[PDB]
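Undergrad: experimental structure below, sequence on top.
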Amino acid sequence: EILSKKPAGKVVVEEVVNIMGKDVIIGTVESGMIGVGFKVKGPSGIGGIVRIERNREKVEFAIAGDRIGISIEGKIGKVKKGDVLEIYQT
Ligand SMILES: [Cl-]
Ligand SMILES: [Cl-]
């Protein structure tokens with residue numbers, strides 16, 4: 001469940017791949033910011049950010065303009081290239 005009203009950040013999806021059951025999203029933070037543990041509001045589900053990578057490095061958070069890879073726990077539904085995902089700190 002998402003307990004906040006406004007997103008901490010938004011991510012535009014560049015590529016989506018499913019690998020051994022987990023959704024990995026490649027994309028760029030469009031605004032605000034995201035951190036490990038934040039929640040992803042998808043089309044039909046809410047996911048948790050479990051890991052973020054930027055330039056092949058593990059990072060705890062990312063901000064607008066960062067291009068990143070994201071691992072999500074939870075089934076969030078069908079995400080496609082071009083989707084903009086809302087990310088909530090709680
Ligand atoms: Cl592209
Ligand atoms: Cl921005």
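TA: Cool, got the structure. Numbers count the residues shown, from 1 in each chain. Ligands and ions are numbered 1, 2, ... in the order given.

Undergrad: show me the contacts for the residue nearest to residue 51 when sequence neighbours are not counted.
TA: Of all residues not flanking residue 51 in the chain, residue 71 sits nearest, at 4.2 Å (C-beta to C-beta, 6 or more residues apart in numbering). (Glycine included, C-beta is placed from N, CA and C.) If you count contacts by C-beta atoms under 8 Å, 6 or more residues apart in numbering, residue 71 has them with 22-24, 49-52.

Undergrad: likewise residue 84?
TA: 10-13, 30.

Undergrad: and if you look at residue 11?
TA: Taking C-beta under 8 Å, 6+ apart, we find residue 11 in contact with 25, 27-30, 34, 68, 70, 84-85, 87.

Undergrad: of the residues you listed, which is the most crowded?
TA: residue 34 (27 neighbours; other C-beta atoms under 10 Å).

Undergrad: how near is that residue to residue 49?
TA: Distance, residue 34 to residue 49, using C-beta to C-beta, to the nearest Å: 7 Å.

Undergrad: which SSE is the nearest residue to residue 45 once chain neighbours are set aside in?
TA: Nearest residue to residue 45, sequence neighbours excluded (C-beta to C-beta, 6+ apart): residue 76, at 4.1 Å. Counting by DSSP states H and E, there is no helix or strand that carries residue 76.

Undergrad: wait, doesn't residue 76 sit right on residue 18?
TA: No. Judged on C-beta atoms under 8 Å, residue 76 makes no contact with residue 18 at a distance of 11.3 Å.
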